[PDB]
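In order, the protein sequences belong to chains A, C and B. The entry's author numbering puts the first residue of the first sequence at 2, with every later residue one more than the last. The entry's author numbering puts the first residue of the second sequence at 1, with every later residue one more than the last. The entry's author numbering puts the first residue of the third sequence at 1, with every later residue one more than the last. For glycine and all other residues, C-beta sits at the position ideal for the given N, C-alpha and C.
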Amino acid sequence: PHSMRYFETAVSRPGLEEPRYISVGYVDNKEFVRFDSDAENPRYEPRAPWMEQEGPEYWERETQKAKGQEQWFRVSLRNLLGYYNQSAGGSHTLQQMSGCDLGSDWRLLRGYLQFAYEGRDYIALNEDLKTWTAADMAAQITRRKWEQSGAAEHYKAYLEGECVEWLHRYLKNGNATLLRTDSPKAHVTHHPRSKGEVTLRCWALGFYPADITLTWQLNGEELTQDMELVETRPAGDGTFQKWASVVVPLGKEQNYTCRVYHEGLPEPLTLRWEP
Amino acid sequence: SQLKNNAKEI
Amino acid sequence: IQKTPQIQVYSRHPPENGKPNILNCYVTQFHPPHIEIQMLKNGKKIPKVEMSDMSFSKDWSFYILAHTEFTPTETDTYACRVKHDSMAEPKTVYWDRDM
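Structure representation (structure tokens):
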């Protein structure tokens with residue numbers, strides 16, 4: 002399985018004609034291109050090494066598309082001000098996510114088109130790529146307008162066509178980096194907690210991709226409802242970090258084992274506190 | 001290569 | 001609707017006093033996207049703080065990574081201070097080498 006997504010944000014700037022618009026492309030959850038209207042000379046830039054394989058014609062065409070989107074978001078932002086009886090003079094945000102997932106059979110598994118206003122669900126294209134799910138009353142206005150205009154067909158065509166074509170290309174071009182792993186480096190630390198009780202923390206560092214599972218066991222059972230699991234966070238060098246901790250009786254630390262599961266590990270790691 | 005939205009705005 | 005940021009402050013590598021490292025302040029789950037982030041050494045702003053470009057996650061919420069070179073020591077404190085409209089006052093979170 003594999004995916005391409007563009008994540009777009011327009012933020013209105015009070016008194017100003019143009020919003021700030023940012024578009025970020027992802028393949029398999031790795032940022033690979035970015036456009037930002039706030040630059041001196043706004044242009045799409047590569048964000049993954051393997052996008053060096055595209056020539057100047059690619060960057061020109063995609064740059065022109067971004068400026069088109071910026072205008073589409075400008076007009077939409079104004080329309081939304083009216084739907085919600087909002088005064089101008091404040092900032093508002095409009096976001097879009099779109100793209101496609103490929104299955105293991107390498108065909109289109111699903112296409113996506115979703116919009117959010119003020120960080121809340123607004124309208125989405127249904128999986129059928131024909132009907133819309135409008136989140137509130139204002140969005141029903143848009144749903145009816147897009148049904149009237151037959152907007153969905155145009156989106157369907159991109160998602161089943163150009164989205165799939167380009168994701169295949171990016172996967173081929175980026176194969177050697179996108180298909181790689183960096184298995185976690187793991188260790189257990191030991192910490193004071195409270196009277197007669199200590200914390201064991203099982204660390205996983207420098208891993209890629211970000212998907213991972215950490216578990217703790219006592220007497221052959223997972224501590225499902227009894228561990229603190231930190232949110233996965235970037236190391237800042239392209240790899241990720243996570244940890245899982247448990248509070249345990251002082252003197253019983255050796256009864257606990259941490260397991261680490263990751264694509265880069267043929268067999269899961271089994272770890273313990275080692276004083 | 002990203003989607004150009006339908007000429008129809010929100 | 002305003003979503004208050006979650007903040008993690010943590011080193012890129014396991015810390016060793018006297019050895020250079022990178023300190024990260026990862027700020028997530030916030031809305032709207034405007035945010036102001038400072039990193040501090042003993043209550044003083046660190047001048048060379050780099051800021052990632054901003055992104056948003058599948059739940060629509062924004063995220064950003066601030067980072068700077070640092071050398072952990074026994075007595076210096078490090079923290080990240082975040083100012084966001086979801087909060088009445090800036091939130092300061094200390095680096096804890098155990099987390």
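- Judged by DSSP secondary structure, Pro250 of chain A falls within the beta strand (DSSP E) whose first and last residues are 241-250.
- Residues of chain C with a Cβ closer than 9 Å to the Cβ of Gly26 of chain A are, in chain order, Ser1, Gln2.
- A residue is called buried once 16 or more other Cβ atoms fall within 10 Å of its Cβ, and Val25 of chain A is buried on that count.
- Close CB contacts of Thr71 of chain B within its chain, under the 6 Å cut and outside five residues either way in sequence, are with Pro20 (chain order).
- Within the segment 10-51 of chain B, the complete beta strand (DSSP E) segments at least 3 residues long are 21-30, 36-41, listed from N- to C-terminus.
- Sorting A:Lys173, A:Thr190, A:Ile213 by C-alpha distance to the C-alpha of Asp183 of chain A places A:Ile213 at the top.
- The beta carbon of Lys83 of chain B sits closer than 6 Å to the beta carbons of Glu36, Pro90 from its chain, once the five residues preceding and following it are set aside; these are given in chain order.
- If you compare the alpha carbons of A:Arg234, A:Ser246, A:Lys243, A:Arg181 with that of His67 of chain B, the shortest gap goes to A:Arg234.
- For the segment 18-43 of chain B, the set of positions with a beta-carbon nearer than 8 Å to some beta-carbon of chain A reads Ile22, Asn24, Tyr26, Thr28, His31, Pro32, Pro33, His34 in chain order.
- For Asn174 of chain A, the closest Cβ of chain C is not nearer than 8 Å.
- Rounded to whole angstroms, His169 of chain A and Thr64 of chain A show a C-alpha spacing of 21 Å.
- Taking 9 Å as the cut-off between beta carbons, the residues of the segment 188-200 of chain A near chain B are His188, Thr190, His192, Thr200, in sequence order.
- When A:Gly91, A:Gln72, A:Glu119 are compared, the shortest CA-CA separation from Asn5 of chain C is found for A:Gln72.
- For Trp147 of chain A, the uninterrupted alpha helix (DSSP H) segment begins and ends at 138-150.
- Apart from the 5 residues on each side of it in sequence, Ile142 of chain A sits with its Cβ closer than 7 Å to the Cβ of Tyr84 in its chain, given in chain order.
- Secondary structure note for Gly197 of chain A: it is in no beta strand (DSSP E), with a DSSP letter that is neither H nor E.
- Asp96 of chain B is outside the set of residues whose beta carbon lies under 8 Å from a beta carbon in chain A.
- The shortest CA-to-CA distance from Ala139 of chain A to any of A:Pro2, A:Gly16, A:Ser77 is the one to A:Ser77.
- With a threshold of 16 other beta carbon atoms within 10 Å, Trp217 of chain A meets it and is buried.
- Inter-segment contact for the segment 25-41 of chain A and the segment 155-164 of chain A is absent: fewer than three beta-carbon pairs are separated by less than 8 Å.
- Going by beta carbons, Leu201 of chain A and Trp147 of chain A fall outside the 8 Å limit.
- For the 8 Å CB-CB criterion, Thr178 of chain A and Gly207 of chain A do not form a contact.
- Contact note: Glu119 of chain A reaches chain B through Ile1, using a C-beta cutoff of 7 Å and chain order.
- Taking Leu126 of chain A as reference, the option from A:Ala158, A:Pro250, A:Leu114, A:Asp137 with the minimal CA-CA separation is A:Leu114.
- Looking only at A:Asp102, A:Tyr262, A:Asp29, A:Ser195, the smallest Cα-Cα distance to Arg181 of chain A is reached by A:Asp29.
- Residue environment for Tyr26 of chain B: buried (at least 16 other C-beta atoms within 10 angstroms of its C-beta).
- A Cβ-Cβ contact shorter than 8 Å links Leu65 of chain B with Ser52 of chain B.
- Not a single C-beta of chain A is nearer than 8 Å to the C-beta of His84 of chain B.
- In this chain, the alpha helix (DSSP H) harbouring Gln65 of chain A covers 57-84.
- Proximity of chain C to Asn256 of chain A at the Cβ level (cut-off 7 Å) is not reached, the minimal Cβ distance being about 53 Å.
- Chain A places a beta carbon closer than 8 Å to that of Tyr10 of chain B, counting this residue as a contact.
- For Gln6 of chain B, the beta-bridge partners assigned by DSSP are B:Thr28.
- For a cut-off of 8 Å, the C-beta gap from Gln242 of chain A to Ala205 of chain A is around 7 Å, short enough to register as a contact.
- For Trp274 of chain A, no pairing in a beta bridge is given by DSSP.
- For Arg170 of chain A, the enclosing alpha helix (DSSP H) begins and ends at 163-174.
- If you draw a straight line from the Cα of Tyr78 of chain B to the Cα of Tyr7 of chain A, it is about 36 Å long.
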